[PDB]
4 protein chains.
Amino acid sequence: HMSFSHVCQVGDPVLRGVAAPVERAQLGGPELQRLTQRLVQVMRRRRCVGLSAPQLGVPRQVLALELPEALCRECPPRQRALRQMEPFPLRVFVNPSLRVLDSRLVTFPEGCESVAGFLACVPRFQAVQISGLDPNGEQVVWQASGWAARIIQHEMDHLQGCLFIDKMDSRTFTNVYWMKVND
Amino acid sequence: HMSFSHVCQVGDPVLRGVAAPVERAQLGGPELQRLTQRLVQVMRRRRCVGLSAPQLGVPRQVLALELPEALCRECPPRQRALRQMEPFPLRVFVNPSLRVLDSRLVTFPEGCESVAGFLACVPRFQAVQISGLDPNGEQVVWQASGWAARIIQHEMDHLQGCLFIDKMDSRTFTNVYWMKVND
Amino acid sequence: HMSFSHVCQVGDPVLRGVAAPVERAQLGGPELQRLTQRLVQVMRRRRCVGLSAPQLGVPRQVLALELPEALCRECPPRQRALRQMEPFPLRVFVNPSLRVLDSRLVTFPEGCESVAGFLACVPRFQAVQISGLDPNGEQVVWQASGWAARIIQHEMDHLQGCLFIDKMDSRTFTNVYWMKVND
Amino acid sequence: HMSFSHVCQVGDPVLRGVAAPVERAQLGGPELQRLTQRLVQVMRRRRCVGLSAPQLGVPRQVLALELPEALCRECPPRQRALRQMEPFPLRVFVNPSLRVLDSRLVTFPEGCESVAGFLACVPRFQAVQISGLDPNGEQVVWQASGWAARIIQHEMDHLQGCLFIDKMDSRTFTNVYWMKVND
Ligand SMILES: CCCCC[C@H](CC(=O)NO)C(=O)N[C@H](C(=O)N1CCC[C@H]1CO)C(C)C
Ligand SMILES: CCCCC[C@H](CC(=O)NO)C(=O)N[C@H](C(=O)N1CCC[C@H]1CO)C(C)C
Ligand SMILES: CCCCC[C@H](CC(=O)NO)C(=O)N[C@H](C(=O)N1CCC[C@H]1CO)C(C)C
Ligand SMILES: CCCCC[C@H](CC(=O)NO)C(=O)N[C@H](C(=O)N1CCC[C@H]1CO)C(C)C
Ligand SMILES: [Co+2]
Ligand SMILES: [Co+2]
Ligand SMILES: [Co+2]
Ligand SMILES: [Co+2]
């Protein structure tokens, strides 16, 4: 008995609210386990590298992040090196907080599963750390730079009701079927 | 005798360039007449109230504006009065320039045929003057306020390579299939 | 007060289910009244001529139809005549059934708010009868031809889990930003 | 130096035409080289596994196909095995013809870069041979089964003016942001 899930699209107010914290008594519980399993499953089906609970319609501070080596390798080596893209294992964070460690800004195109079909360049900090709980309830601080830091920031912004269209260079917004190419 | 026309979508660089003037050699000529006729035809087919030549792929300073009574009438009356939405006849402007007459800002939702399917709230000046040539080279000046002034501003921005997403309140950006309703 | 509503998009399984009937006990009731008020409000905000409860996420046999004169005059006279498009007052039907009175097929482009942004040609019967209850349980039978018969058939198909892409000439499917025009 | 390329979307009549053959005089030439390099670049940028000239607005019988290992490994092993998905190198075909080698039908979801953002299940033959010329005019033949045969048939359809929506199971058409998941 399979089921349907959908990623909410811009216009749904759940993407602009401030997600609520998960309560201690829910940690390690069945309901949070179903939510984390669904987030990871959607994230992986869509081949995206992060997803947050509000995008599945659940206004709670939960997000998952993963970048498999196959996806880094899909990126041409020069572009991979420019973006400082390196793989990293799946991590799920509950009630996370972000601390900026290197505030230099780096700008590259990104897109969001909740604004399907578009990209724009967005400046992001070079390095950050995210601290929060696992769904079992243990604390972890994960520090990263480059593309991983960009993913952490994009996903953290979703828990504050922020989407990348709020931070983009709007003259670079584009449907994914238009692209710049080498002559 | 039928052909296809298309409204360019965001990503096409024609929408971000600064449109070149129409050379005087072209005024009153067949090529300019085919372009103005096509802009008016597509504007009326799409039931929209302004269109510019870069949106049909032509990087030239030409735009058309029209608000038929039936479109105003489709607006509920209290919204129509708040927006100061009143009908006006077709005008076509070639090499137009804009001056602000009343710089008070008014915010309402707008959409654009070149960012199909979305709306966002955009501040606009209350009143403006657009001056330019009709397709035959005669001077035309139109001072407008309220919703007519907002239409003029949106079309004139297209000839500078500016889309409403560059000026919007991005937290109000929405797919048109999401909307606020009265309970 | 203010709330959000959305029209479900294709992929949502609610659009492919067969809506359940409203039980006799519910006719004239406050829950049905909430649904019918919401359906008509969304229909009027989107300026669409018909809407069904599955498109608001509610798998119940309830639809609304309305074609105001202004909306109707937005179509040029020659096209309204070809399409037999005439205004008609609001009807809300509960548990409707359809009978075909004239099975001649008529084909014109149609779109659906649950497949936002596309049109395609769809053959429809020239005249039908819809019979059902008004939200109060009164029996209402409406015989319609031409464009109103097409709206009726499109909304009734929603209650059976059928969308217009199931019945279209697929070689005429188009984004709305492409159109055939007269030279 | 850089320019912009776009994948034409449904509605553009170039996608429904039957593409003209490449004339013998053009084989090996610079214009055909520019077209093939552009196809391969867009195909690689978009991480898709085939692309045809009509989709870059050029109504000529040219297509390219490529499934790199990394892109292949984005798909989980169980799903790869089910779909008979394996990597294969770049091939570019000019004036190709298709012969069916195993007419057994296999049904899975596919999407098209010219119908951005949707998928639907389409039955396809289990094995085919494509034969045609390379850009230098040498005979190229490739016998393929499973997922590779699907991609061949999808690209060949584009040179006949056929899109997947003409062959799909329409009840399975879905926005990519709706998906079936495991409980
Ligand atoms: C990069 C920062 C955003 C990471 C997370 C998003 C997915 C998402 O919206 N999470 O909320 C994603 O994977 N986006 C991808 C993305 O932005 N990419 C994928 C490769 C490169 C970059 C576009 O430049 C695709 C799915 C649009
Ligand atoms: C109002 C300022 C924009 C006027 C021009 C646009 C058409 C366009 O993009 N021209 O470039 C339009 O008619 N847009 C309409 C529009 O913005 N409307 C219709 C009335 C209300 C407002 C949406 O709030 C619809 C078609 C999206
Ligand atoms: C004609 C049969 C479909 C009518 C009802 C639909 C809206 C809807 O999906 N109902 O479920 C509608 O108004 N569609 C309009 C529609 O198809 N129109 C407007 C009149 C002309 C035709 C576009 O050719 C627009 C919103 C797409
Ligand atoms: C499989 C048959 C179509 C192959 C070629 C297309 C791209 C295209 O339109 N070529 O004309 C594609 O790669 N489509 C992908 C595709 O259909 N996929 C990618 C992974 C599996 C399958 C989705 O079920 C995405 C990009 C939609
Ligand atoms: Co996102
Ligand atoms: Co516009
Ligand atoms: Co519909
Ligand atoms: Co395709």
Side-chain angles (χ1 to χ4, degrees), chain A residues 170-174 178 180, chain B residues 3 5-46 48-67 88-101 103 110 112-115 122 124-125 127-145 148-167, chain C residues 177 181 183, chain D residues 1-4 6:
Chain A
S170 66
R171 288 182 57 75
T172 67
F173 187 77
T174 181
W178 269 104
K180 287 187 205 226
Chain B
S3 59
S5 279
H6 66 123
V7 174
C8 295
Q9 301 297 298
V10 62
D12 183 333
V14 75
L15 297 169
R16 258 51 167 80
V18 178
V22 175
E23 306 183 290
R24 295 200 90 264
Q26 291 261 310
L27 301 168
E31 193 175 45
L32 183 55
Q33 175 179 81
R34 182 189 139 200
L35 172 61
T36 66
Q37 162 187 108
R38 188 61 52 101
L39 279 170
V40 171
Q41 181 162 26
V42 173
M43 179 178 64
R44 293 173 168 165
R45 294 189 186 265
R46 296 293 304 125
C48 64
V49 292
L51 196 70
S52 71
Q55 290 174 276
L56 305 182
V58 176
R60 295 282 174 185
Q61 288 176 211
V62 182
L63 59 84
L65 307 161
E66 187 185 31
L67 174 50
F88 56 82
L90 171 69
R91 288 189 173 76
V92 170
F93 284 85
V94 172
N95 302 346
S97 55
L98 185 149
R99 285 200 189 176
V100 172
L101 298 179
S103 56
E110 282 183 28
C112 177
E113 296 289 319
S114 288
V115 187
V122 179
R124 293 287 191 183
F125 299 120
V128 305
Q129 179 182 91
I130 177 173
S131 299
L133 300 177
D134 79 14
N136 288 326
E138 321 194 294
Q139 288 285 340
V140 173
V141 179
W142 176 26
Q143 295 189 336
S145 61
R150 166 172 304 266
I151 297 167
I152 286 166
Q153 290 165 69
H154 179 105
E155 296 313 319
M156 285 294 290
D157 274 0
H158 275 292
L159 301 187
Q160 302 294 136
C162 179
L163 299 182
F164 79 101
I165 59 169
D166 301 329
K167 285 181 172 179
Chain C
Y177 53 78
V181 292
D183 310 322
Chain D
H1 272 72
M2 285 190 103
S3 43
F4 281 80
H6 67 114

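For the numbers below, each heavy atom of this structure counts, side chains included, while hydrogens, waters and symmetry mates do not. First the proteins, then the strands, lettered A, B, ... as listed; each starts at 1.
A heavy-atom distance below 4.5 Å is not found between the side chains of B:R60 and B:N95. Side chains of A:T174 and D:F4 form no contact here, defined as non-hydrogen atoms less than 4.5 Å apart. Within the 4.5 Å cutoff, the side chain of B:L90 has heavy atoms near those of the B:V40 side chain.
Annotation: the span from B:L51 atom CG to B:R44 atom CZ amounts to 12.5 Å, rounded to 0.5 Å. Distance CD/B:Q139 to CG/B:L133: 5.0 Å, rounded to 0.5 Å. We find the CG-OG distance between B:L159 and B:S97 to be 11.0 Å, quoted to the nearest 0.5 Å. Atom CZ of B:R99 is separated from atom CD1 of B:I130 by 13.0 Å, given to the nearest 0.5 angstrom. Rounding to the nearest 0.5 angstrom, the gap separating the CD atom in B:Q41 from the OG1 atom in B:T36 is 11.0 Å. The CE atom of D:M2 sits 8.0 Å away from the NZ atom of A:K180 when rounded to the nearest 0.5 Å.
What you find for B:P135 and B:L32 is that their closest heavy atoms are O-CD2, 3.5 Å. In terms of heavy-atom proximity, B:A144 sits nearest to B:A149 at O-CB, 3.6 Å. Closest approach of C:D183 to B:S3, counting heavy atoms only: OD1-OG, 2.7 Å. Considering every non-hydrogen atom in both B:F93 and B:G132, the closest pair reads CD2-N, 3.9 Å. In plain terms, the two heavy atoms of B:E155 and B:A64 that are nearest each other are CG-O, 4.4 Å.
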Open item on the list: I'd like to know whether B:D134 forms a salt bridge (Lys or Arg N to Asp or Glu O under 4.0 Å) with B:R91, so could you lay out the CA-CA distance, the side-chain angles of the two residues, the decisive distance to 0.1 Å, and finally the verdict.
Closed with: CA-CA 8 Å; B:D134 79 14; B:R91 288 189 173 76; over 6 Å; no
Task: Candidate pair B:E113 and B:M43, rule side-chain contact (heavy atoms from CB on, under 4.5 Å), full reasoning - done: CA-CA 9 Å; B:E113 296 289 319; B:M43 179 178 64; over 6 Å; no
TODO: Give the intermediate values and the outcome of side-chain contact (heavy atoms from CB on, under 4.5 Å) for residues B:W142 and B:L65.
DONE: CA-CA 11 Å; B:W142 176 26; B:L65 307 161; 3.8 Å; yes
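Applying the side-chain contact (heavy atoms from CB on, under 4.5 Å) test between B:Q129 and each of B:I152, B:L98, B:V141, B:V100 identifies B:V141 as the sole match. A salt bridge (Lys or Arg N to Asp or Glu O under 4.0 Å) with B:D157 is found for one member of B:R16, B:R150, B:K167 and no other, namely B:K167.
Side chain of A:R171 to backbone of B:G161: a donor-acceptor contact under 3.5 angstrom is found. Side chain of B:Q37 to main chain of B:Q33: no donor-acceptor pair is present (N/O by atom type, distance under 3.5 Å, no hydrogens or angles). Panel note: side chain B:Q9, backbone B:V7; a donor-acceptor pair is recorded below 3.5 Å. Judged purely by atom type and a 3.5 angstrom limit, B:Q153 uses its side chain to pair as donor or acceptor with the backbone of B:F125. With hydrogens and angles ignored, the 3.5 Å screen pairs a side-chain donor or acceptor of B:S114 with a backbone N or O of B:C8.
Defined by atom type and a distance below 3.5 Å, a donor-acceptor pair is missing between the side-chain atoms of B:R45 and B:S5. Side-chain polar atoms of B:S52 and B:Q55 form a donor-acceptor pair below 3.5 angstrom.
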Can you give the donor-acceptor pairs under 3.5 Å from side chains of residues 23-30 of chain B to other protein atoms, not counting sequence neighbours?
unit_1: B:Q26; atom_1: NE2; unit_2: B:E31; atom_2: OE1; d: 3.2

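Partners of B:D12 by salt bridge (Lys or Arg N to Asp or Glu O under 4.0 Å), not counting sequence neighbours: none found.
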